[PDB]
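Note that the sequence shown covers residues 1057 to 1214 in this note's numbering.
Ideal Cβ placement from N, Cα and C applies to all residues, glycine included.
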Amino acid sequence: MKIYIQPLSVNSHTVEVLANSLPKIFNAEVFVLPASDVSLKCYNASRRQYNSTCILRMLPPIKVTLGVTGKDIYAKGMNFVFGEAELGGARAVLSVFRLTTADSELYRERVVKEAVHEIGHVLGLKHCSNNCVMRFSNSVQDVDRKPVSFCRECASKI
Ligand SMILES: [Zn+2]
Ligand SMILES: [Zn+2]
């Protein structure tokens, strides 16, 4: 498995977190693509948020490609989303905007959890109700309560 991280208006240090954490989690070769600013095509001026579905479309369809942004994102019908993924496809996007917090270590932990969650969807995993990183999180309090690891059921399916 190969994972391509596409920085899209994001702190380079946060990208490094993912480059350093994801290989072991996915037993994958990880590539960091050249940084770019997230496309203004995907900016909703009324909401001052970027549409995640728009961002996904602009990523290369190379499994697995994860776009990562510091901008707040939303998808249709949602006030915000942490991310959006093609289930069993090639592409996902993560926003770290809603994860911001004072404790650097907690921020880091949230970033890894939510990246792993998105990539799990690309690998074909639906939301999981177990003690699992694939749980849906309504808020960052939910993110903090779920683990970074896949449950035994989800791990068996990758
Ligand atoms: Zn999800
Ligand atoms: Zn699970």
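Residue nearest to residue i in terms of C-alpha spacing, selected from the options
i, options, result
"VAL1094", "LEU1162, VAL1178 and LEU1150", "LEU1150"
"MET1057", "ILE1118, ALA1131, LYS1169 and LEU1089", "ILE1118"
"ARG1154", "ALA1146, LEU1143, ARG1147 and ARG1166", "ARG1166"
"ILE1111", "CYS1098, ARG1104 and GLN1105", "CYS1098"
"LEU1089", "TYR1130, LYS1132 and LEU1064", "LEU1064"
"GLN1062", "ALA1158, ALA1148 and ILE1214", "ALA1148"
"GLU1142", "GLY1176, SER1205 and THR1125", "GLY1176"
"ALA1084", "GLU1170, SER1092 and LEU1074", "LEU1074"
"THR1125", "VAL1204, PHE1138, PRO1116 and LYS1213", "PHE1138"
"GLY1123", "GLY1133, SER1102, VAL1172 and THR1157", "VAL1172"
"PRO1203", "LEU1115, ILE1081, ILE1059 and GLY1133", "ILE1081"
"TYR1130", "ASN1076, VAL1178, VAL1152 and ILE1059", "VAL1152"
"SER1102", "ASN1135, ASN1076 and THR1156", "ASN1135"
Limits of the unbroken beta strand (DSSP E) element including residue i
i, result
"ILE1111", "Looking at the DSSP string, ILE1111 is not in any beta strand (DSSP E); the run it does join, the alpha helix (DSSP H), is 1108 to 1114."
"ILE1118", "Premise fails: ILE1118 is in no beta strand (DSSP E) and is neither H nor E."
Reduced DSSP category for residue i - H, G, I as helix; E, B as strand; rest coil
i, result
"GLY1123", "strand"
"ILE1129", "strand"
"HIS1183", "coil"
"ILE1175", "helix"
"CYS1188", "coil"
"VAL1196", "helix"
"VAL1168", "helix"
"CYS1207", "coil"
Enclosing alpha helix (DSSP H) for residue i [first to last residue]
i, result
"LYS1058", "No alpha helix (DSSP H) holds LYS1058; the beta strand (DSSP E) holding it covers 1058 to 1063."
"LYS1202", "Where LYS1202 is concerned, there is no enclosing alpha helix (DSSP H), given that its DSSP letter is neither H nor E."
Residue i beta carbon near ligand 3 (any heavy atom closer than 7 Å)
i, result
"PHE1087", "By its list of ligands, the structure shown excludes ligand 3, since it contains just ligand 1 and ligand 2."
> Which runs of the alpha helix (DSSP H) fall wholly inside the stretch 1071 to 1105 and span at least 4 residues, in chain order?
Replying inline: Entirely contained in the stretch 1071 to 1105, not one alpha helix (DSSP H) run reaches 4 residues.
> Which ranges would you report for the beta strand (DSSP E) in the stretch 1138 to 1166 if only whole runs of at least 3 residues count?
Replying inline: Runs found: 1139 to 1141 and 1147 to 1151.
> Are there three or more Cβ pairs, one per stretch, closer than 8 Å when the stretch 1184 to 1200 is compared with the stretch 1057 to 1069?
Replying inline: The stretch 1184 to 1200 is not in contact with the stretch 1057 to 1069.
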